[PDB]
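One chain is shown next in structure tokens, namely the form deposited in one PDB entry.
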């Protein structure tokens, strides 16, 4: 019975439901409206799929399913506890949002992950819904259960207009998530040099997160050269922080971009800064010990130890593992990840001894620095709406 009233609400057939709602009274017309049809409610599905004409009629019958959290689907994943206003926002259904609000829907009702209607419109970038929600008393600084703000997710998805608008309306540029992440990091991870420049217009301070990473280092890990190039001349970064970032960027060039000539370019830049002031030379730190996994290798220490490298791809591969463990450390997932990557390439090429040693080392790293896997494979946090 009601399983039929709801599948026409989802699919949007408005003529059918009007005749099924003429063959029943106004007291039980509310019981079918408060359905459990595949976890959602007739009013929720009516908002997720933008059926404005039928959402307005659904509400003239009973405005009591209006803050109900049910199940919705986006990008294949499924979201629990999403109210209808939130879902109308994530989908871009601007006029469904306006109608939902004119009938007195809370602009502050979130999903179970505590994602506001405002944050939902920021994900896919619906600027006009964002403006409307802000004008209807949305709170710029309610974040999800991880502390990811609207401004943050807007920077991560590269939405300059929306990020600008949120800053214009007074959003705090220096929020830290629970993991210590700031909107400046989301600019770094997305290569949004534009939005990074705009955040700096509001004196955005450049900090480490829980993992110890600055945006400058975060841009090096994820490989966005425009950020790393931009920040090697920003006065808010020190000399050895520039050096390390260029050097770590080189590692990303060797292992992530598979580009030895790009890597040497950045390693040379880093080398010059190290040996630019002869009265204070930045020597490479010296690890506790040589590592079998790294073939007992040692980081280059002079501009000329860099020249005889390009004809030696293996030394560069071992340089990159060394540089990464030095800068990122054993706790950053990229270190073990690229050790295992490296081991895998060696397996493919023939030396299984190199492979197993790298894989053994990575497991001892993954297990000795404790609080991804090979089967799993046979960041995701920020794509949460």
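C-alpha atoms forming the largest set that superposes within 1.5 Å between two forms make up the rigid core. Numbering follows the first chain given and starts at 1.
- Using the rigid core as the fitting frame, the root mean square C-alpha deviation in 7 other deposited structures of this protein is greater for 74-82 than for the other of 74-82 and 123-131.
- Coverage remark for residue 364: present in the model in all other entries compared whose chains are built on both sides, leaving no third without it.
- Going from residue 378 to residue 379, the model skips 10 or more deposited residues, which lack coordinates.
- Of the two stretches examined, 40-48 and 349-357, the record assigns the greater average C-alpha temperature factor to 40-48.
- If you average the C-alpha B-factors over 329-337 and over 53-61, the higher value belongs to 53-61.
- Within the selection 147, 287, 92, 210, the deposited Cα B-factor values reach their highest point at 210.
- The PDB entry assigns residue 117 a C-alpha temperature factor belonging to the middle third of its chain's modelled residues.
- Compared with the other modelled residues of the chain, the Cα B-factor recorded for residue 370 ranks in the highest third.
- Per the PDB record, residue ranking by Cα B-factor puts residue 320 in the lowest third of the chain.
- Annotation for residue 255: CA B-factor lies in the lowest third of the chain's modelled residues.
- In the PDB entry, residue 71 places in the highest third of its chain by CA B-factor.
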